[PDB]
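A short worksheet on the structure shown next.
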Amino acid sequence: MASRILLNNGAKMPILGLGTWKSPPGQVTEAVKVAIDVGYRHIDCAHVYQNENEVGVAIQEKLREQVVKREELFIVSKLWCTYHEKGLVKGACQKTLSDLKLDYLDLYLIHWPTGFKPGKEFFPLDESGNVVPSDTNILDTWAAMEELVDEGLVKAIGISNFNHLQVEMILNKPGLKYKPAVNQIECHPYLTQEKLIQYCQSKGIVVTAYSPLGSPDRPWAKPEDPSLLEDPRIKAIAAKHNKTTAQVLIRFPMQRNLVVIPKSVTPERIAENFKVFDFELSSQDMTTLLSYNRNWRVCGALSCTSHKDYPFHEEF
Ligand SMILES: NC(=O)c1ccc[n+]([C@@H]2O[C@H](COP(=O)([O-])OP(=O)(O)OC[C@H]3O[C@@H](n4cnc5c(N)ncnc54)[C@H](OP(=O)(O)O)[C@@H]3O)[C@@H](O)[C@H]2O)c1
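In terms of my numbering, the sequence shown is residues 18 to 333.
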């Protein structure tokens with residue numbers, strides 16, 4: 018298992034990264050410092066997570082300490098839904114760069130295919146609770162992303178939570194200049210994503226698996242929801258390999274040629290989650306884990322279900 022995967026922009030992306038959604042601002046600086054100290058070279062960020070300033074403090078300190086060089090890091094962020102308009106994309110990217118204290122991103126993603134009305138609120142609502150869309154379309158937002166490459170702000174551009182017809186819309190865009198390098202999607206044994214993964218990989222688009230542990234800290238969790246980390250069948254596979262359940266859940270996407278971005282703020286877990294390059298799941302293990310699919314989504318975008326670009330009506 019090599020540590021990096023080749024993207025269709027010619028750059029190499031570390032297959033293991035640190036997630037930062039829900040990482041409290043008063044803990045994420047230490048989390049990222051520890052991660053870099055124990056070998057992580059890829060951090061997954063987003064403006065909407067409201068902690069990029071604190072992530073940036075950690076990155077900058079480790080660069081200043083010469084623990085790593087900038088070229089060895091792979092920093093990812095995402096354009097939030099209220100910035101899909103042509104005239105807002107550059108400023109949104111620049112705010113993320115300023116907060117992360119970087120002069121380029123390795124990868125910048127359209128966070129969701131749905132554009133929302135610009136303004137201070139990340140989820141602008143009408144008086145009856147529906148998200149207010151913007152009349153921007155995917156293709157014009159993509160052209161704005163391409164301009165970021167040509168201005169030197171980002172090395173690669175990609176998409177997140179795009180279904181296969183939305184990916185196809187970009188691939189078929191008139192005048193397409195840069196293909197998406199990555200589609201970042203939810204993926205784990207309860208949402209195995211075979212169809213969308215095969216489609217993206219067949220087009221040379223690398224898939225990143227988010228919520229690989231089932232996001233046990235997601236704010237809308239209910240006690241009755243399935244729990245990957247507690248699933249006795251997954252625990253049994255981990256026991257057989259003398260690894261933790263989380264380690265199996267991280268190794269699983271790696272062996273499907275995916276990038277994976279588990280989140281933790283706990284130093285011991287940050288280190289544990291990186292120790293996944295020393296064992297192999299068998300083909301039988303892989304097929305058994307795939308068999309647990311139940312089309313269960315952590316991130317269903319349930320308040321956007323009437324948006325014209327809502328991604329999860331299509332089968333994939
Ligand atoms: N593009 C998108 O729309 C999108 C959506 C969702 C997520 N993401 C990205 O993907 C990242 C990962 O997904 P996620 O944050 O939803 O959840 P996740 O990585 O599946 O799970 C994170 C949770 O697992 C716990 N955990 C981590 N390592 C563990 C271990 N070894 N043993 C036991 N528990 C462990 C963490 O606890 P502690 O932190 O307390 O240790 C935290 O509660 C996000 O942070 C974000 O960067 C992107």
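Cβ atoms here follow ideal geometry from the backbone N, Cα and C, with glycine treated the same way.
Residue i in three-state terms, based on DSSP
{"i": "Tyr125", "result": "strand"}
{"i": "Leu35", "result": "strand"}
{"i": "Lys280", "result": "strand"}
{"i": "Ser232", "result": "coil"}
{"i": "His59", "result": "strand"}
{"i": "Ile222", "result": "coil"}
{"i": "residue 385", "result": "What is shown of the chain runs 18 to 333, which leaves residue 385 out entirely."}
{"i": "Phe133", "result": "strand"}
{"i": "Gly27", "result": "coil"}
{"i": "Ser151", "result": "coil"}
{"i": "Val199", "result": "strand"}
{"i": "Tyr207", "result": "coil"}
{"i": "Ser177", "result": "strand"}
{"i": "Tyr100", "result": "helix"}
{"i": "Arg21", "result": "strand"}
{"i": "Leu142", "result": "strand"}
{"i": "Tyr327", "result": "coil"}
{"i": "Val171", "result": "strand"}
{"i": "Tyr66", "result": "helix"}
{"i": "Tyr227", "result": "strand"}
{"i": "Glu297", "result": "coil"}
Pair within 8 Å by beta-carbon distance, residue i and residue j
{"i": "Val282", "j": "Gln83", "result": "no"}
{"i": "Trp129", "j": "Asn178", "result": "yes"}
{"i": "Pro41", "j": "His59", "result": "no"}
{"i": "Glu69", "j": "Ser94", "result": "yes"}
{"i": "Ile222", "j": "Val184", "result": "yes"}
{"i": "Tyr207", "j": "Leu246", "result": "no"}
{"i": "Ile92", "j": "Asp123", "result": "yes"}
{"i": "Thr46", "j": "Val74", "result": "yes"}
{"i": "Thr225", "j": "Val276", "result": "yes"}
{"i": "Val149", "j": "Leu156", "result": "no"}
Option in the options with minimal Cα separation from residue i
{"i": "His64", "options": "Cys98, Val85, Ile76", "result": "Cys98"}
{"i": "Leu96", "options": "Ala28, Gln272, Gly56, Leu105", "result": "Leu105"}
{"i": "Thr261", "options": "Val293, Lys280, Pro284, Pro42", "result": "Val293"}
{"i": "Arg250", "options": "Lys196, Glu69, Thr305, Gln272", "result": "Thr305"}
{"i": "residue 337", "options": "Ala28, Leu80, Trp38", "result": "With the chain represented from 18 up to 333, any question about residue 337 goes unanswered, as that position is not in the structure."}
{"i": "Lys118", "options": "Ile155, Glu78, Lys134", "result": "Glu78"}
{"i": "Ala19", "options": "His324, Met303, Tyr327, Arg268", "result": "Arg268"}
{"i": "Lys172", "options": "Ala28, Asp326, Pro328, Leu23", "result": "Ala28"}
{"i": "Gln301", "options": "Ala160, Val166, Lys257", "result": "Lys257"}
Closer than 7 Å: residue i CB and nearest ligand 1 heavy atom
{"i": "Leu246", "result": "yes"}
{"i": "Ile278", "result": "yes"}
{"i": "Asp152", "result": "no"}
{"i": "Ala263", "result": "yes"}
Opposing strand residues paired with residue i [DSSP bridges]
{"i": "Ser94", "result": "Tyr125"}
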